[PDB]
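Chemist:
What follows is the structure, given as C-alpha cells:
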C-alpha cells in the first residue's frame with residue numbers, strides 16, 4: 001500500500017496535489033492530501 005502526503009485545501013483541490021506517487025483520488029483535510037492506490 002502506498003500513500004501520499006500533500007498540502008491541499010478543499011477536497012476538489014486534492015486531485016492535483018495527489019499527483020506524486022502516481023496514485024489517484026484526492027480528498028484533503030488539515031492541509032493534507034490522501035491518495036488511494038489501485
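Numbering (the entry's author numbering), first residue to last: 1 to 38. All residues carry an ideal CB built from backbone N, CA and C; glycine is no exception.
Might you give, ordered along the chain, the residues of its own chain that have their beta carbon closer than 7 Å to the beta carbon of residue 5, omitting 5 neighbours on each side?
Modeler: Around residue 5: 32 and 33.
Chemist: May I ask you to list the residues that DSSP assigns as paired with residue 28?
Modeler: 33
Chemist: DSSP on residue 17, reduced to helix/strand/coil?
Modeler: coil
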